[PDB]
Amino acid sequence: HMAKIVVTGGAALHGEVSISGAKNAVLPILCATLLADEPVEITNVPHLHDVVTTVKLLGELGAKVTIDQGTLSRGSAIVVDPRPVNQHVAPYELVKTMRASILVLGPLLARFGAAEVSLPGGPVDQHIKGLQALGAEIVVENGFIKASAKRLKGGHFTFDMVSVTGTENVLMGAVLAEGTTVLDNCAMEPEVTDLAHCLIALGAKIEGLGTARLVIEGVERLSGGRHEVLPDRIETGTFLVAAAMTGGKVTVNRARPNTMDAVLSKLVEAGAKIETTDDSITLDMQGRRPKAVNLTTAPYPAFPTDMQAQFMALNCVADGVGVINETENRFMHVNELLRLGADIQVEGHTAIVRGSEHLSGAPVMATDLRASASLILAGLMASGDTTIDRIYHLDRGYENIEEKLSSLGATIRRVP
């Protein structure tokens, strides 16, 4: 099932917007509330199907959860009371739709000494091996991961492959373990660091933040408290790119600029004038078209692959030639940009984009986030109307990018 949005191109974007929290921060953070003694308020929560599922999962585990729904200008506020949690078995009927559900394994094991989570549909060894390094007995039977541990005990563990959710799950197991834990080859994404910041706010002792080596001094209990989820750096970048490629001027509020260095530096190369505070970013093109940019995606803190499709759209309308290097087949959106008249040639992992002033609106299809963000952005400058058919599960309502782009002067409408 597919609804349409219709973009009328041409206008420079002007105004201010705010973004909400990053998905890969909020999901483990919601699971971490199971570790706490008192209620925990999580603010800046985005609207995502996975957030809704996780809230439902916490409730079925026995937590009392309330949701103050977010708006265009602020994320949701979720209060989790973990005290009445009385289940260590995660229900398959909910878990089966959300791979992130593996993130309850660490907390439930630490809180209850036992935990059961279904194997995902479709990797998992880093979670099992890492928790075993803390002394858990873990077996897989009948498609369930079954874990038990009288008392988790600090130890040394090195990840074989870098894993964001692996790092998070083992970290949550370590904060209440007896003694000191050292994890090597940890994921370094800011979403991991935001989880660690949340745990510290609740009483955890973690050193080495932002690096591949985390040192955890186990404490007996975590308290309740409050945590504002790290702003979504990908959303922030998307609005900055949309401002840049329309020759406009936008200010993004409640941002976290020190998670965006590589992106902001690339926008400067495109001709943007950028100022940053401790919580805002202002981009001003001063009436200029963007210059085409070259980029290569690389692990954080280098240029993020999750911004590549958006910069490709920028290059499609920029002055000059831009070469994009993708280090997985990450160019599904190319043929859709070609329907708009873009000049893109793909050679292996490299896309060469020659920018043009003559993109023309046409019907296009978006079946994933990359196609969606890139096609909406291209639509902002294509002549006439771009009609984007988007798959149903991408719909985020008030946090669809087109809703905030409209508030910046774009002409975009949903046509069911």
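Heads up: residue numbers just count along the shown sequence, starting at 1.
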Practice prompt. Pick one of none, 1 to 3, 4 to 9 or 10 or more for the number of deposited-sequence residues not modelled between residue 327 and residue 328.
Written response: 1 to 3
Worksheet, complete the sentence: According to the PDB record, deposited residues with no modelled atoms between residue 122 and residue 123 number 4 to 9
Item to complete: Would you determine, from the values in the PDB entry, which of 275-283 and 337-345 has the greater average C-alpha temperature factor?
Response: 275-283
Fill in: 217-225 set against 306-314, stretch whose average Cα temperature factor tops the other in the entry
217-225
Discussion item. Between 257, 75, 143, 237, which one tops the list for Cα B-factor in this entry?
Written reply: 257
Worksheet item: Lowest, middle or highest third of the chain for the C-alpha temperature factor of residue 38?
Response: highest
Worksheet item: When the modelled residues of the chain are sorted by Cα temperature factor, does residue 137 land in the lowest, middle or highest third?
Response: highest
Worksheet item: According to the PDB entry, is the CA B factor of residue 10 in the bottom, middle or top third of its chain, that is, lowest, middle or highest?
Response: middle
Practice prompt. Within this chain's modelled residues, let me know which third the CA B factor of residue 71 belongs to: lowest, middle or highest.
Written response: lowest
Practice prompt. Please rank the C-alpha B-factors of the chain's modelled residues and tell me whether residue 60 sits in the lowest, middle or highest third.
Written response: middle
